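Student: This is the structure alone, sequence omitted:
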Ligand SMILES: COc1nc2ccc([C@@](O)(c3cncn3C)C3CCN(C(C)=O)CC3)cc2c(Cl)c1Cc1ccc(-n2cccn2)cc1
Ligand SMILES: COc1nc2ccc([C@@](O)(c3cncn3C)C3CCN(C(C)=O)CC3)cc2c(Cl)c1Cc1ccc(-n2cccn2)cc1
């Protein structure tokens, strides 16, 4: 793996994400001044369980199909066999969406962007699982403290996705060195931007699997 | 700091540790087979409180001296001001020693290499510190479960020593610069040897410090 090749891999991943980031960051950052009123939050807390679970399920399905088109533009992901691709997505697509959701999180007032405005974890009271919504906020709070750049999110979520330890793979070691060159490109780019201080502040991926299982 | 330069950094840390590891790992596995007899274990249990904390203090001062030379061979450490070097050493050296003792530990029979042979925690009965000795054995048993390589230990102890969160540093940004590079060197090496799974199974931090507040006299 030549130096100029891993530097092209950084770019390749960084534009695959910018093309499939669903929402542009500058639109998320200028909308946090806009906040749900107390009357509007009431309207969400009054919604039934079914209606509230089904809205969020439609936003997850929408976000997951942006993650799929993010993997299908990764150089190397297309080359893997069709079974390994579905295995890597059916296990890593949900974890990528959670990492992507930190761009919509505003640590000032502890709110996330949802269906037009920014709102705290009061909106999702109708779901009946405050502890799951709470840990999603506390995880998003951790990623927001680092101020992750779009390129850092692009390379990180790629490593979340391309992991050669998922059960069910067949051409394992072909996913291994593909995972390695993404580790190479991620470690590479962090040096150029002097951002290697975030690696120790990165959550363990035991947490992400734990949240998705719930 | 390029990636090839932290490639240099990984090799330099694994070289300093090799030159300053006090006991060779292969000799510890060879000495692993020979174990204290009960007649010998009793001989230690009859020693004084003073006679037994005089030997360990000699071994702890001897082992700490190897940690100093380890740091003095890490380049980057030697170009810090001496006030920060001392501060890092008084807070770090004893905790490096606790991590290095995991190599002298045998999980098959909960024994450890001490003064010639292997012995259980009953060997240190004369100290009267049954929970400190038990906390150490509990700590080494968790580290031996990860099968630390001689290079994973080298990089982990380098991070244990180089911490910008120490009180008393004033050129603090100088330290975290060297600390951030050792973090990437640690991750970049765990990738090369397919060993990132040990990042999660590492002790929490504040766990070695809770193993060194246990130290009045
Ligand atoms: C804390 O709960 C939530 N937080 C969210 C934060 C941001 C966003 C987005 O802003 C966004 C930004 N980038 C990507 N996403 C998904 C949404 C973009 C689309 N959108 C438009 C355009 O209005 C709605 C808003 C959606 C959230 C949702 Cl649906 C939720 C709700 C939620 C419920 C359950 C889970 N779960 C169960 C198991 C594992 N996990 C996860 C989550
Ligand atoms: C369970 O207690 C101990 N375990 C030990 C395990 C191994 C070794 C070595 O094998 C070794 C290997 N690598 C490095 N070390 C230190 C010793 C090499 C030297 N040696 C030769 C050549 O015979 C004696 C053996 C020494 C131990 C000692 Cl002294 C002890 C005793 C001890 C008591 C208290 C503390 N404490 C107070 C505050 C924090 N902690 C620490 C310790």
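Tutor: Happy to help now that I have it. Numbering: from 1, shown residues only, chains lettered A, B, ... in the order given. Ligands and ions are numbered 1, 2, ... in the order given.
Student: For the residue of chain A positioned farthest from its centre, which three-state class applies?
Tutor: Most distant from the centre of chain A: residue A:39, at 30.4 Å, with distances by CA atoms, centre = their mean. Of the three states, residue A:39 takes helix under DSSP: H, G, I helix; E, B strand; the rest coil.
Student: Pull up the gap between it and residue A:117, please.
Tutor: 12 Å (CB to CB, to the nearest Å). C-beta coordinates here come from the backbone N, C-alpha and C atoms, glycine included.
Student: cool, residue A:180 as well?
Tutor: Computed with CB to CB, the distance linking residue A:180 and residue A:117 is 42 Å.
Student: Hmm, residue B:3 and residue A:187 touching each other?
Tutor: Yes - counting by CB atoms under 8 Å, residue A:187 touches residue B:3, with 6.1 Å between them.
Student: follow-up on the earlier one: now list whatever residues contact both of residue A:39 and residue A:117.
Tutor: When CB atoms under 8 Å, 6 or more residues apart in numbering or on different chains defines a contact, no residue borders residue A:39 and residue A:117 alike.
Student: Look through chain A and tell me its longest helix.
Tutor: When chain A is parsed with DSSP state H, its longest helix is helix A:49-71.
Student: which other residues reach that one?
Tutor: Residues outside helix A:49-71 that contact it (CB under 8 Å, 6+ apart) are A:16-17, A:20-22, A:44, A:77, A:85, A:88-89, A:93-94, A:96-97, A:100, A:115, A:124, A:126-128, A:157, A:161.
Student: Does that helix reach ligand 1?
Tutor: Yes - using CB under 6 Å from any ligand atom, helix A:49-71 reaches ligand 1 at A:56, A:59, A:60, A:63.
Student: starting at the chain centroid, how far to that helix?
Tutor: Centroid separation for helix A:49-71 versus its chain: 13 Å, with CA atoms, centre = their mean, to the nearest Å.
Student: Beyond that helix, next helix or strand please.
Tutor: Once helix A:49-71 ends, the next helix or strand along the chain (criterion: DSSP states H and E) is helix A:82-100.
Student: Determine the set of other helices and strands touching that following helix.
Tutor: helix A:49-71, helix A:130-145, helix A:150-161, helix A:205-212 (3 or more CB pairs under 8 Å, 6 or more residues apart in numbering or on different chains; DSSP states H and E).
Student: how big is the angle separating it from helix A:150-161?
Tutor: Relative orientation of helix A:82-100 and helix A:150-161, computed by axes from the mean of the first three to the mean of the last three CA atoms, to 10 degrees: 140 degrees.
Student: List the buried residues in helix A:82-100.
Tutor: Neighbour-count burial for helix A:82-100, counted by 16 or more other CB atoms under 10 Å in any protein chain shown, picks out A:84-85, A:87-89, A:91-100.
Student: Next, the angle helix A:130-145 makes with that helix.
Tutor: Per the same axes, to 10 degrees, the angle that helix A:82-100 makes with helix A:130-145 is 80 degrees.
Student: Now do helix A:82-100 and helix A:205-212, the angle between them.
Tutor: 90 degrees.
Student: Please see if the next helix or strand after helix A:82-100 touches ligand 1.
Tutor: Counting by DSSP H and E, the next helix or strand C-terminal to helix A:82-100 is strand A:105-106. No - using CB under 6 Å from any ligand atom, we find that strand A:105-106 stays clear of ligand 1, coming within 6.9 Å at best.
Student: Quick check: neighbours of strand A:105-106 in the sheet, parallel or antiparallel?
Tutor: Under the criterion DSSP bridges, strand A:105-106 sits next to strand A:111-114 (antiparallel) in its sheet.
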